[PDB]
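Below, in C-alpha cells: the form deposited in one PDB entry, a single chain.
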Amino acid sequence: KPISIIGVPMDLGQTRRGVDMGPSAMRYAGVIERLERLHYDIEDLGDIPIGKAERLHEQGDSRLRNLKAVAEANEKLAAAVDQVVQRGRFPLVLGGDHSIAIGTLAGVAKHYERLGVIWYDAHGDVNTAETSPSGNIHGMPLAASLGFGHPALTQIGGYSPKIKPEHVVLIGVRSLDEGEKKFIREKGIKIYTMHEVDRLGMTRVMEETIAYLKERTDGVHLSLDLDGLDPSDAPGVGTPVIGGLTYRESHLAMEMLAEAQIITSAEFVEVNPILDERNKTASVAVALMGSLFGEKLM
C-alpha cells in the first residue's frame, strides 16, 4: 500500500525544546530514500502547522500544559491523516512528541471496526490531568485516545473513544506513575514491561502480541516512541530511562510485525536532534522503519 508521510513538528506536549526538529532529522536520516528502495509509492505531505503557546500564567493549564495549541495541532493532524486513509494510503506520522498520537489515532480509528494499538514505549502515556505528575500532555495520549482525559483531547475528530483497552498492547515499559499502574490494571490493558521482555524474550512477546491482536482487531496502529529503546541506542529523547530494549530486539520486533502484515498505520516519535549524538536516534528510527516496511537480511 502506498505510503504518505506527515511530519508533525510538535514540542508543546512536553518541555524540552528540539523535539519539533524530529520530522526533519528523520527526513535527513533518509526516510524517503529508504522506503523508495523497498519499491514503495512514497509521498511526503510535509508538516502540520503547529501554533505557539501563550504565557503559562496567562493561560488555562498547568496540569494540562499548552492544551489549546496541542488540541488544535491535533485537530489538524487528525484531518490530514483521515484524508490519507480515505485515499487508501498508509499514514506514516513523524514526530514530534507523543501527544501527536491523539491526532493520528483520531484520523485513523474512525476507519476501523476494532483498531488495535501497539505502544512501543518506556512509559505508559496513560495519565490524566488528575494523575499526571508533570502536566505534560505527551504523557496522556494513550489515555486520551481510550476516552479518558480532558474533552479537548478526547473529542479530537469529533468522536470517542478511538480504541478499546482490550485492543491495546504496551511493550517495553519500565516507568509508570502510580495512577498509570492503577489505570492499566483496572482497564485490563495488556502490558509487557521490561520484566516480561527479560523473562520471556522479545520473540515470545512479539508472537503473543501479534496473535492477541490479530485475533480481535481489523487494523493495528504502531505507536513507537524512541524512548522505548535503551538510551545507549537512542540517546536523543527527552524522557530517557535506562535498561531499555536493544537495537536488535527492536529490529526483530519490526521484522516480526512486517512478517505478520498487521500494521495498518504507524508513527515514530520523540526524536530530538538537540539531545542526540550526531542524529543517531533519527537514524535508528529510519532503520526501524526499513524493517517495519519489509526489509529482509536474507
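Note that residue numbering follows the sequence shown and begins at 1. Rigid core here is just the name for the largest C-alpha set that superposes within 1.5 Å across the two forms.
Per-stretch averaging of Cα B factors for 223-231 and 209-217 places 209-217 on top.
Checked against the record, the higher mean CA B factor of 53-61 and 256-264 lies with 53-61.
Ranking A109, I189, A101, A152 by the C-alpha B-factor listed in the PDB entry places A109 at the top. Highest C-alpha temperature factor among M202, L92, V173, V85, as the PDB entry reports it: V85. The entry lists a Cα temperature factor for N74 that places it in the middle third of the chain's modelled residues. Annotation for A80: CA B-factor lies in the highest third of the chain's modelled residues. Per-chain ranking of the deposited C-alpha B factor places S132 in the highest third. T281 sits in the middle third of its chain by CA B factor, as recorded in the PDB entry.
Annotation for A287: CA B-factor lies in the lowest third of the chain's modelled residues.
Omitted here: the form deposited in another entry. The next part is about that form.
Aligning the rigid core between this form and the one not shown and inspecting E54, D41, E259, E33, the C-alpha positions shift by 2 Å or more at one residue, which is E54.
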